[PDB]
Protein chains: 4
Amino acid sequence: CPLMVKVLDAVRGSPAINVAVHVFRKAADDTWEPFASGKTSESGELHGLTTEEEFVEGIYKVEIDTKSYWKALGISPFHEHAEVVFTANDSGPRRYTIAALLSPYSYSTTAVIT
Amino acid sequence: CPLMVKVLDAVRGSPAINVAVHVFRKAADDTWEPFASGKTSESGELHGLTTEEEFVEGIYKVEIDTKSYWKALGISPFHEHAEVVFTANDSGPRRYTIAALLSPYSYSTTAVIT
Amino acid sequence: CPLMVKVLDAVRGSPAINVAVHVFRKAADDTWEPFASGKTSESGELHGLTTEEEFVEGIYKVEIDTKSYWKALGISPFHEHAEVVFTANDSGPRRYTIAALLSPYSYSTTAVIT
Amino acid sequence: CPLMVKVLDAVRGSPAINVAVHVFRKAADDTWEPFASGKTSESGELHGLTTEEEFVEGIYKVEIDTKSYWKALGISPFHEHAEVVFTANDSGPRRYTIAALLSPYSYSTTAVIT
Ligand SMILES: Cc1ccc(C(=O)c2cc(O)c(O)c([N+](=O)[O-])c2)cc1
Ligand SMILES: Cc1ccc(C(=O)c2cc(O)c(O)c([N+](=O)[O-])c2)cc1
């Protein structure tokens with residue numbers, strides 16, 4: 001599995017379960033094409049987004065829809081979502097984990113690449 | 001000054017000087033309109049982005065063009081940029097500082113609201 | 001002012017006001033000597049910790065007592081405090097801002113050096 | 001496995017492999033007793049630190065010796081180490097993952113509790 005997303009909740013100290021994640025790929029157009037999407041599991045992880053055949057060199061944007069999540073825990077947040085834009089597979093295919101740590105007024109994101 | 005952006009470099013432990021910052025506002029269209037832009041100063045700060053007259057309730061996206069910055073320090077980074085999407089002035093006008101801490105494979109962003 | 005500490009609250013999106021901060025310096029003993037302390041102001045900042053005469057090369061530990069702060073906002077946190085250990089003035093005297101961003105189950109710390 | 005530590009490198013976008021981790025527990029003395037220690041594996045993870053029998057309610061400090069790690073990648077860092085102090089098992093036994101994301105001038109730490 002070449003691209004996985006993991007999301008953590010800094011407020012409850014737990015995985016963020018059932019969070020919506022959308023992945024876009026920048027086309028030759030200079031437009032964002034919808035690439036893949038899904039919701040995180042009980043472990044805060046989302047696997048099965050894509051296959052190594054489909055996941056080519058390019059510029060990707062990962063959007064994590066965090067505002068719904070925060071409402072659903074009784075919280076009126078501030079961000080519309082968390083977004084991460086990165087270039088992928090530039091050096092040949094890699095395994096990428098894009099991880100996000102969420103708080104109402106802040107977030108951190110990191111890529112772990114193997 | 002109702003909206004200011006501050007950018008820090010986690011690699012050199014210093015302000016990120018002369019970084020490009022673009023602000024967009026979501027229009028009734030559901031399109032991003034260009035709202036304001038500029039480059040950070042020697043202190044890593046960008047003031048004068050807007051006036052309190054122009055800075056109304058709405059959804060804003062702040063894009064920090066970090067890839068140029070990292071190249072200019074001799075570094076091939078991973079993100080195309082850092083992006084922060086948030087709703088503003090929902091509760092009446094506030095002063096917003098959107099701060100970003102940059103590393104090649106990671107970033108953190110926070111809003112400080114007064 | 002050669003050493004300043006700034007503390008932000010990721011939960012309320014605001015400065016952390018009236019937070020206790022203790023600074024220790026490692027002695028020849030290999031013991032921590034109490035070096036300086038104080039509480040953050042309404043801006044989340046603590047200035048006047050030391051003078052450039054007193055702030056010599058050495059290993060320092062900055063401890064931010066965050067648990068009291070979180071209780072005082074109605075919150076039972078997880079960390080006893082945030083701690084940052086660093087070597088100072090190794091390359092000649094600098095101005096150091098040690099900044100901390102707090103959440104109940106997480107924190108980030110950075111040094112900005114001039 | 002009730003306590004595990006994971007360490008990530010924000011500079012290389014990878015796990016931090018073979019990093020030293022020491023765990024201390026605050027005794028009735030108000031002294032830190034050495035509780036457990038080990039080095040992270042190729043995945044940046046350290047398991048087998050303790051057993052659920054030994055891991056009781058108390059105040060723990062996790063110290064990650066990051067300075068050696070940064071030297072070993074050709075880097076003169078700033079922190080002596082990363083330290084996390086927290087209260088454990090206060091509400092009955094939990095599984096705790098203490099995760100740390102490292103950069104030369106910054107770090108973030110979070111607890112994920114199950
Ligand atoms: C995500 C993040 C975390 C920490 C910092 C940060 O270190 C910082 C430092 C400052 O001197 C300062 O004035 C502010 N601010 O006003 O927000 C932030 C900046 C961004
Ligand atoms: C402070 C911080 C922020 C983000 C990460 C982080 O990126 C991360 C990545 C993982 O694959 C993973 O399994 C976990 N975890 O279990 O906690 C954390 C780690 C630490």
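Hydrogens, waters and symmetry mates play no part in the numbers below; they use all other heavy atoms, side chains included. Just so you know, ligand 1 is whichever comes first in the structure, and atom 1 is the first atom listed for that ligand. Chain naming here is simple, since letters A, B, ... match the order of the sequence lines and numbering starts at 1 in each.
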request  = Could you tell me whether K6(D) and ligand 2 have an N or O pair separated by under 3.5 Å?
outcome  = yes
query = With atoms numbered from 1 as shown, which atoms in ligand 2 lie under 4.0 angstrom from a non-hydrogen atom of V112(D)?
reply = 17 (O)
Distance-only side-chain donor-acceptor flag, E45(D) / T40(D), under 3.5 Å = no
inquiry  = For the backbone of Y105(C) and the side chain of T110(D), can you confirm whether one donor and one acceptor N or O come within less than 3.5 Å of each other?
reply    = yes
ask   = How close does the nearest protein non-hydrogen atom get to atom 19 (C) of ligand 1, and which residue and atom is it?
value = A99(B) CB, 3.6 Å
ask   = Would you say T110(A) has any N or O atom under 3.5 Å from an N or O of ligand 2, going by distance alone?
value = no
ask   = What's the shortest heavy-atom distance between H79(C) and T66(C), and which atoms?
value = O-OG1, 4.1 Å
remark   = re atom 3 (C) of ligand 1, the protein heavy-atom contact at minimum distance is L101(C) CD2, 3.9 Å
task = Could you tell me whether atom 6 (C) of ligand 2 has a protein heavy atom closer than 4.0 Å?
result = yes
query = Looking at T109(D), which atoms of ligand 2 are within less than 4.0 Å of one of its heavy atoms?
reply = 1 (C)
inquiry  = Please verify the inter-ring angle class for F35(D) with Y60(D); under 30° counts as parallel, over 60° as perpendicular, anything in between as tilted.
reply    = perpendicular
message = Between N18(D) and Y69(D), do the side chains contain a donor N or O and an acceptor N or O under 3.5 Å apart?
response = no
inquiry  = I want to confirm something. Looking only at heavy atoms, which of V7(B), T97(C), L8(B), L8(C) is nearest to atom 9 (C) of ligand 1?
reply    = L8(B)
inquiry  = Is the ring pair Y96(C)/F78(D) parallel, tilted or perpendicular, if the boundaries are 30 and 60 degrees?
reply    = parallel
N/O donor-acceptor pair under 3.5 Å between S103(D) side chain and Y107(D) backbone = no
request  = Taking only heavy atoms of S108(D) into account, list the atoms of ligand 2 that are under 4.0 Å away from them.
outcome  = 1 (C)
